[PDB]
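Heavy-atom basis, side chains included; hydrogens, waters and symmetry copies ignored. Residue numbers start from 1 in every chain, and the chains themselves are labelled A, B, ... in the order their sequence lines are given, proteins ahead of strands.
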2 protein chains.
Amino acid sequence: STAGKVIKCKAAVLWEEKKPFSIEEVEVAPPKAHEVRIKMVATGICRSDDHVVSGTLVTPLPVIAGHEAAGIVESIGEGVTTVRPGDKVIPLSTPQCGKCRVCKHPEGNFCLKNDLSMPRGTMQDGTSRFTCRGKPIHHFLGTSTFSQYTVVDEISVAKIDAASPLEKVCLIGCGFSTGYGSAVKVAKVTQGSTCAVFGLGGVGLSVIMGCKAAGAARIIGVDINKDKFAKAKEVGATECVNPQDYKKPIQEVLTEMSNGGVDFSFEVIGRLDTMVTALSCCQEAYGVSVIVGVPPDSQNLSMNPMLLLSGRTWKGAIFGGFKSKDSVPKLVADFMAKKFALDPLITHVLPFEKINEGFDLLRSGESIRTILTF
Amino acid sequence: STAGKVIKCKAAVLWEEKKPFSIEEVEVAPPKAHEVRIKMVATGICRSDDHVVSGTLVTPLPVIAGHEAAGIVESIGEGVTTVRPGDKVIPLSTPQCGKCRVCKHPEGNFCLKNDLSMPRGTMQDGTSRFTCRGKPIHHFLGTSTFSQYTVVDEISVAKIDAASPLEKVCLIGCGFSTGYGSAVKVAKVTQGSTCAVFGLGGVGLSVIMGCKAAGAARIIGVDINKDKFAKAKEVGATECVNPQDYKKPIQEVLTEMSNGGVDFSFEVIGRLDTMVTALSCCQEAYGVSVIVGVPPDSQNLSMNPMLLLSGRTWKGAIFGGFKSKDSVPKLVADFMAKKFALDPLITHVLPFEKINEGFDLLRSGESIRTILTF
Ligand SMILES: NC(=O)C1=CN([C@@H]2O[C@H](COP(=O)(O)OP(=O)(O)OC[C@H]3O[C@@H](n4cnc5c(N)ncnc54)[C@H](O)[C@@H]3O)[C@@H](O)[C@H]2O)C=CC1
Ligand SMILES: NC(=O)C1=CN([C@@H]2O[C@H](COP(=O)(O)OP(=O)(O)OC[C@H]3O[C@@H](n4cnc5c(N)ncnc54)[C@H](O)[C@@H]3O)[C@@H](O)[C@H]2O)C=CC1
Ligand SMILES: O=CNC1CCCCC1
Ligand SMILES: O=CNC1CCCCC1
Ligand SMILES: [Zn+2]
Ligand SMILES: [Zn+2]
Ligand SMILES: [Zn+2]
Ligand SMILES: [Zn+2]
């Protein structure tokens with residue numbers, strides 16, 4: 001009934017920074033060659049979507065944001081081989097083209113077809129499939145999931161188990177896999193180690209899950225919102241500290257608590273000062289610190305390179321280091337085999353129409369992940 | 001005939017920054033418990049010794065500098081078990097106490113007994129073994145090798161092969177092992193990779209030797225002094241670039257030459273700007289950059305953390321990551337078995353009394369390593 005034909009549907013449009021999302025009708029074009037049109041079933045609210053609203057992350061406006069989601073293929077364009085109508089799918093904000101130097105490298109995952117380094121807010125072909133009030137609307141990270149339907153390039157979608165619960169596994173499309181992989185793949189946390197996790201939102205709790213799965217002996221959660229300590233302990237934190245409770249800098253607190261520095265630290269907030277504090281609190285000769293949080297646009301940090309010369313390792317990653325199209329179906333299979341839990345991340349489930357309330361919940365500190373259901 | 005007695009001998013004393021060394025008589029106390037007094041045979045001039053003169057590297061003055069050297073044990077204090085009078089030895093500017101958390105860690109080498117982080121310029125017991133003009137003189141990094149005799153703690157000396165040529169193997173005490181290990185141990189350069197080495201002095205040439213030993217396919221040397229290129233190519237560089245020859249920043253040049261970024265880069269100069277350029281020229285998703293050069297005291301660099309978030313790894317190390325007392329005798333053994341060459345690093349030889357001419361040669365750009373003979 002809809003294949004080959006323009007779909008009119010509801011979406012949340014962001015016309016301008018620092019405004020509520022506008023829920024209104026949009027026009028979704030049919031998929032061109034190597035494109036996939038998806039009916040959305042559930043989408044999570046990730047802090048990166050809020051960074052578009054706040055100006056922290058710059059991408060062309062107006063835009064349909066949303067990138068952490070799951071849905072069902074409505075139709076495919078000519079030449080698509082990896083998904084078919086009716087398949088359950090997760091869109092991928094980091095593509096996996098399989099052909100570039102990064103996709104061919106055993107470790108790398110930041111495929112050169114990504115829309116993050118030089119954001120265009122289009123399909124791979126440089127055009128948009130969305131119109132609203134007769135105006136073309138930009139895409140976001142090749143995903144755009146705050147819409148009843150979206151169109152994505154084939155390299156930005158993964159087919160998943162037909163029995164998957166989409167209102168939970170949408171988190172594997174971004175926040176869970178990012179945090180979990182940051183611990184198990186990027187840092188390679190070791191049995192018996194001491195970890196410090198700065199930021200106890202959805203991504204930080206997923207880092208804690210990964211540190212616990214790797215056998216860390218101590219996992220210290222750090223957040224300025226003490227309401228986020230109870231859930232952090234439930235998922236594996238052994239202690240939590242609030243920087244605002246201390247007269248001294250938290251890096252010195254954490255160094256003393258760890259008898260000279262932690263083995264692994266994670267910055268899962270997106271602040272320059274906490275990136276430098278997280279580096280400093282890892283042990284100077286052999287510690288490893290991983291940046292996960294998104295820094296504010298165009299701002300540089302300042303640090304003393306003696307922190308590195310003594311032997312620290314500093315790294316960052318997108319999407320937990322996972323090659324996205326290969327890994328997402330495997331992570332869904334692991335969840336269905338009960339290898340990890342997603343329910344601890346989900347504090348609110350709301351109809352899509354309540355998107356702005358979901359963002360208010362995030363900004364107020366009250367939620368971890370809100371899942372929006374279509 | 002000197003055991004247990006004060007030795008009067010010549011040393012090069014640095015009374016003030018930015019002044020020539022003063023070659024004059026000092027008094028060297030006999031070794032206390034767990035200390036070793038060494039008759040110096042040869043010492044190299046490492047840029048780090050010049051950094052003390054320039055104030056780039058802050059350590060208490062007045063001081064006996066020098067740290068890359070080899071000599072013969074004159075006497076041992078009570079309790080010394082790892083060397084005996086007559087043994088050939090190399091002093092270690094990074095100790096290996098064997099008892100701290102770093103010494104016990106499989107990767108770490110920056111032993112907590114070091115005198116680098118919070119310099120005191122003393123023996124481990126907090127006192128000095130040197131007097132000059134009746135005044136106490138500081139030690140440097142627990143070594144102080146610009147003297148006919150020095151006293152070191154047992155944890156800062158390694159026994160080496162009795163047949164070793166001391167006028168060559170002194171370089172294993174600092175510059176050779178630092179560069180070589182930075183490639184083979186810290187970066188873990190892989191076969192077929194592309195490497196970029198910033199700074200083609202003694203340490204950078206040793207990085208090139210390590211990259212070649214690791215089987216790198218391309219090794220790009222970077223220096224603003226084109227007179228350094230011929231020797232860089234002799235030891236393994238496949239190509240050399242002078243940043244001053246180009247209209248665009250060298251990170252852009254290197255990214256284009258490597259078809260999107262190098263696999264491994266090394267900063268082996270000691271400038272904040274080149275630390276950031278070297279990080280930037282490694283491939284954004286899977287590149288690794290190692291800081292080897294010493295930054296000017298207490299200065300911070302400025303960088304955009306998106307360079308790390310895409311996937312880069314940034315690390316530094318002291319002494320090529322080698323656990324010093326374990327590794328130095330094995331590296332001497334490997335040298336004696338012809339596994340690496342030191343002659344390419346030695347461009348000038350001088351008697352110790354011409355130390356100031358040796359520093360002039362380094363500062364003018366003319367030398368790689370000058371070896372001083374006592
Ligand atoms: N690298 C990647 O691939 C990904 C990066 N991100 C970024 O990770 C970050 C975290 O995302 P979420 O967990 O969704 O965000 P969130 O907002 O739910 O969690 C952030 C936590 O940081 C705490 N916090 C804020 N300022 C703090 C401070 N000075 N000190 C200590 N804690 C502080 C907050 O109270 C909150 O609990 C964001 O910057 C997000 O954009 C998210 C997913 C993918
Ligand atoms: N991490 C460690 O354990 C060690 C660190 N060091 C440090 O490594 C560094 C190199 O030491 P050496 O090889 O002895 O010094 P060196 O002075 O012989 O070599 C440095 C090279 O950098 C070149 N250079 C200077 N400015 C440059 C610029 N803007 N761009 C490109 N090239 C430039 C110079 O022309 C020179 O050839 C020094 O900072 C030294 O203190 C040395 C030994 C141990
Ligand atoms: O949350 C999804 N993607 C993020 C990844 C880090 C940079 C900003 C966008
Ligand atoms: O050259 C020898 N040691 C150096 C190591 C890096 C910091 C300054 C001292
Ligand atoms: Zn790719
Ligand atoms: Zn996200
Ligand atoms: Zn030690
Ligand atoms: Zn040195």
For residues 145-168 of chain B, which residue pairs qualify under ring pair (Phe, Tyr, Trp, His ring centres under 6.0 Å), counting only residues two or more places apart or in two chains?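 Those involving residues 145-168 of chain B are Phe21(B)-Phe146(B), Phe146(B)-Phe359(B).
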
Tell me which pairs pass ring pair (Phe, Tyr, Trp, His ring centres under 6.0 Å) where either residue lies in residues 70-104 of chain B, with sequence neighbours left out.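 Applying ring pair (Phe, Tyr, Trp, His ring centres under 6.0 Å) to every pair that reaches into residues 70-104 of chain B, excluding sequence neighbours, yields nothing.
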
Side-chain heavy atoms of [X] within contact of [Y], under 4.5 Å:
| X | Y | result |
| --- | --- | --- |
| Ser93(B) | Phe140(B) | no |
| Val189(B) | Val184(B) | no |
| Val36(B) | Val80(B) | yes |
| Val151(B) | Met123(B) | yes |
| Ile64(B) | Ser147(B) | yes |

Scan side-chain atoms only and decide if [X] and [Y] contain a donor-acceptor pair under the 3.5 Å cut-off.
| X | Y | answer |
| --- | --- | --- |
| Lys325(B) | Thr82(B) | yes |
| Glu267(A) | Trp314(A) | no |
| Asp49(B) | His67(B) | yes |
| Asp326(B) | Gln96(B) | yes |
| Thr143(B) | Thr145(B) | no |
| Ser265(B) | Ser289(B) | yes |
| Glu74(B) | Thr2(B) | yes |

If every non-hydrogen atom of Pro62(B) is compared with every non-hydrogen atom of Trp15(B), which pair is closest and at what distance?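 Heavy atoms only, the tightest pair is CB-CE3, 3.7 Å.
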
Rounded to the nearest 0.5 Å, what separation is found between the CD1 atom of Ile7(B) and the NZ atom of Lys39(B)?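 The distance works out to 10.0 Å.
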
Result block: side-chain N/O donor-acceptor pairs under 3.5 angstrom for residues 302-312 of chain A, not counting sequence neighbours:
{"unit_1": "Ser302(A)", "atom_1": "OG", "unit_2": "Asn300(B)", "atom_2": "ND2", "d": "2.8"}
{"unit_1": "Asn304(A)", "atom_1": "OD1", "unit_2": "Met306(A)", "atom_2": "N", "d": "2.9"}
{"unit_1": "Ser310(A)", "atom_1": "OG", "unit_2": "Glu284(A)", "atom_2": "O", "d": "2.8"}
{"unit_1": "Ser310(A)", "atom_1": "OG", "unit_2": "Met306(A)", "atom_2": "O", "d": "3.4"}
{"unit_1": "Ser310(A)", "atom_1": "OG", "unit_2": "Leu307(A)", "atom_2": "O", "d": "3.4"}
{"unit_1": "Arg312(A)", "atom_1": "NE", "unit_2": "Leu279(A)", "atom_2": "O", "d": "3.0"}
{"unit_1": "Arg312(A)", "atom_1": "NE", "unit_2": "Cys282(A)", "atom_2": "O", "d": "3.0"}
{"unit_1": "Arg312(A)", "atom_1": "NH1", "unit_2": "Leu307(A)", "atom_2": "O", "d": "2.9"}
{"unit_1": "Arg312(A)", "atom_1": "NH2", "unit_2": "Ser280(A)", "atom_2": "O", "d": "3.1"}
{"unit_1": "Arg312(A)", "atom_1": "NH2", "unit_2": "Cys282(A)", "atom_2": "O", "d": "3.2"}

Has [X] got a side-chain atom pairing as donor or acceptor with [Y]'s backbone, closer than 3.5 angstrom?
| X | Y | value |
| --- | --- | --- |
| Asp263(A) | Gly287(A) | no |
| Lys188(B) | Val186(B) | yes |
| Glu167(B) | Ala42(B) | no |
| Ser327(B) | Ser324(B) | no |
| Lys88(B) | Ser164(B) | yes |

Just to verify, what does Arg129(B) make a side chain to side chain donor-acceptor pair (under 3.5 Å) with, not counting sequence neighbours?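 Testing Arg129(B) for side chain to side chain donor-acceptor pair (under 3.5 Å), a comparison that skips the adjacent residues, returns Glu35(B), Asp125(B), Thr127(B).
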
Scan the side chains in residues 168-181 of chain B for donor-acceptor partners under 3.5 Å anywhere in the protein, sequence neighbours excluded, and list what turns up.
{"unit_1": "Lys168(B)", "atom_1": "NZ", "unit_2": "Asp343(B)", "atom_2": "OD1", "d": "3.1"}
{"unit_1": "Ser177(B)", "atom_1": "OG", "unit_2": "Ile172(B)", "atom_2": "O", "d": "2.7"}
{"unit_1": "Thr178(B)", "atom_1": "OG1", "unit_2": "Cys174(B)", "atom_2": "O", "d": "2.8"}

From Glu27(B), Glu24(B), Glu25(B), residue fulfilling side-chain contact (heavy atoms from CB on, under 4.5 Å) relative to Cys132(B):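 Considering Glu27(B), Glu24(B), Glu25(B), a side-chain contact (heavy atoms from CB on, under 4.5 Å) with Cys132(B) is found only for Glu24(B).
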
Would you list the atom pairs, donor with acceptor, under 3.5 Å between side chains in residues 366-374 of chain B and any protein atom, with sequence neighbours excluded?
{"unit_1": "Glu366(B)", "atom_1": "OE2", "unit_2": "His348(B)", "atom_2": "NE2", "d": "3.0"}
{"unit_1": "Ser367(B)", "atom_1": "OG", "unit_2": "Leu361(B)", "atom_2": "O", "d": "3.3"}
{"unit_1": "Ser367(B)", "atom_1": "OG", "unit_2": "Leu362(B)", "atom_2": "N", "d": "3.2"}
{"unit_1": "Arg369(B)", "atom_1": "NE", "unit_2": "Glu68(B)", "atom_2": "OE1", "d": "2.8"}
{"unit_1": "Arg369(B)", "atom_1": "NE", "unit_2": "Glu68(B)", "atom_2": "OE2", "d": "3.4"}
{"unit_1": "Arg369(B)", "atom_1": "NH2", "unit_2": "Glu68(B)", "atom_2": "OE2", "d": "2.9"}

